[PDB]
Amino acid sequence: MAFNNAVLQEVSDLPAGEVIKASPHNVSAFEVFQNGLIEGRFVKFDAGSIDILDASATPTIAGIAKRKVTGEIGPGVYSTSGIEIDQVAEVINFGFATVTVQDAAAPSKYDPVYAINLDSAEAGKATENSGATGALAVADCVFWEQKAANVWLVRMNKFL
Amino acid sequence: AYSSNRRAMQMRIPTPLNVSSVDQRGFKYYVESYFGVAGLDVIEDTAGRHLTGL
Amino acid sequence: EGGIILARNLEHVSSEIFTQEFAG
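For the protein sequence lines, the chains are g, B and C, in the order given.
For the first sequence, position 34 (counting from the first letter as 1) is numbered 34 according to the entry's author numbering, and the numbering increases by one without interruption.
For the second sequence, position 45 (counting from the first letter as 1) is numbered 315 according to the entry's author numbering, and the numbering increases by one without interruption.
For the third sequence, position 5 (counting from the first letter as 1) is numbered 35 according to the entry's author numbering, and the numbering increases by one without interruption.
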């Protein structure tokens, strides 16, 4: 398609997978991960690798996959074995980080963050709704501010 | 309605029409020609607008 | 097998600068 938008009404606000380096932040590199790791979304630590949330029992949410500004242009995706190979999966696991939320989400500040623990394109998306489909609580994480469409900056109190 | 701005629409014709040299197989002349075009490169989805029915 | 031209040379990158435009 020609481009996403000819003219934007207002500057789009801080895409997902971003950590603000003012507050105490920590983004920890994980050497092995899953192909197609959709950045800007909650990623679990399973069998010693970072991977997309799916219908697991109690996934160890390792944080939010960081968005690389100087990565491959395209869908925000961690991809192995290509010209756009990503060697290591930067995962934001402490501080304020932006995460894509569902379209149904209207999460006010300090609501507990829930991630869609489903095996689909909605995997690892934050939400307010504790009763959404495949919603799984994220321990000590709360919504903070509303960034660009469907992207909420959340706060991870402890290390995720 | 469309924007004739360079940054809105371009007409991409990377290679203009080239004609081959004349081929003479005895008394059978033959000329072939080609051109390479990308067509209308619309750069913005909302750089024009349509009215259907008028 | 395939061809002799790797993909990145068959695809051309335009030098023109395209600046994103916002409301006036």
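For each residue, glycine too, the CB sits at the ideal point set by N, CA and C.
Note down, in chain order, each residue of its chain lying with its Cβ closer than 7 Å to the Cβ of residue i, except the 5 sequence neighbours on either side.
| i | result |
| --- | --- |
| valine 113 of chain g | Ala126, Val138, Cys141, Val142, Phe143, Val154 |
| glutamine 34 of chain g | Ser49, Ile50, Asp51, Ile52 |
| residue 183 of chain g | Residue 183 of chain g lies beyond the range of chain g shown here (1 to 160); nothing can be said about it. |
On the premise that residue j lies in contact with residue i, defined as a C-beta separation below 8 Å, what is that separation, rounded to the nearest angstrom?
| i | j | result |
| --- | --- | --- |
| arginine 67 of chain g | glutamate 18 of chain g | 6 Å |
| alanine 89 of chain g | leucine 37 of chain g | 6 Å |
| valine 91 of chain g | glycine 63 of chain g | 5 Å |
| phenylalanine 48 of chain C | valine 11 of chain g | Incorrect: roughly 16 Å between the Cβ atoms, too far for contact. |
What residues of chain g sit near residue i, judged by a beta carbon separation below 9 Å?
| i | result |
| --- | --- |
| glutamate 314 of chain B | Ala2, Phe3, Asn5, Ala6, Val7 |
| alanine 317 of chain B | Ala2, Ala6 |
Residues of chain g with a CB under 7 Å from the CB of residue i: which are they?
| i | result |
| --- | --- |
| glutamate 46 of chain C | By Cβ distance, chain g contributes nothing, its closest Cβ being about 13 Å from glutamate 46 of chain C, past 7 Å. |
| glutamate 31 of chain C | Within 7 Å Cβ-Cβ: nothing; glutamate 31 of chain C doesn't reach chain g, min ~19 Å. |
To which residues of the same chain is residue i closer than 6 Å at the C-beta, ignoring the five residues directly before and after it?
| i | result |
| --- | --- |
| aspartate 13 of chain g | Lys147, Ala148 |
| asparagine 117 of chain g | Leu53, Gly134, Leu136 |
| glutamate 145 of chain g | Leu153 |
| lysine 158 of chain g | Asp140 |
Can you name the residues of chain g whose CB is closer than 8 Å to the CB of residue i?
| i | result |
| --- | --- |
| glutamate 41 of chain C | Result: empty, since nearest Cβ-Cβ is about 12 Å, beyond 8 Å. |
So, for residue i: in the same chain, excluding its five sequence neighbours on each side, which residues have a beta-carbon less than 8 Å away from its beta-carbon?
| i | result |
| --- | --- |
| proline 107 of chain g | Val101, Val113, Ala126, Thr127, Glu128, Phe143, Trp152 |
| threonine 60 of chain g | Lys44, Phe45, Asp46 |
| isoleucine 85 of chain g | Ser79 |
Run through chain A and tell me which residues come within less than 7 Å of residue i, C-beta to C-beta.
| i | result |
| --- | --- |
| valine 11 of chain g | The structure shown contains no chain A; the protein chains it does contain are g, B and C. |
Count the C-beta pairs between the region 2 to 18 of chain g and the region 47 to 63 of chain g that are closer than 8 Å, then say yes if the count reaches three, no if not. Short answer: they don't touch.
Members of the region 276 to 297 of chain B that neighbour chain C once the beta carbon cut-off is set at 9 Å: Answer set for the region 276 to 297 of chain B: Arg276, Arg277, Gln280, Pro284.
Is it a yes or a no for the region 276 to 286 of chain B touching the region 307 to 321 of chain B, going by three-plus beta-carbon pairs under 8 Å? Touching, yes, given that three or more Cβ pairs across the two stretches are closer than 8 Å.
If you measure beta-carbon to beta-carbon, which residues of the region 19 to 30 of chain g are closer than 7 Å to chain C? Shown here is that no member of the region 19 to 30 of chain g has a Cβ falling below 7 Å from a Cβ of chain C.
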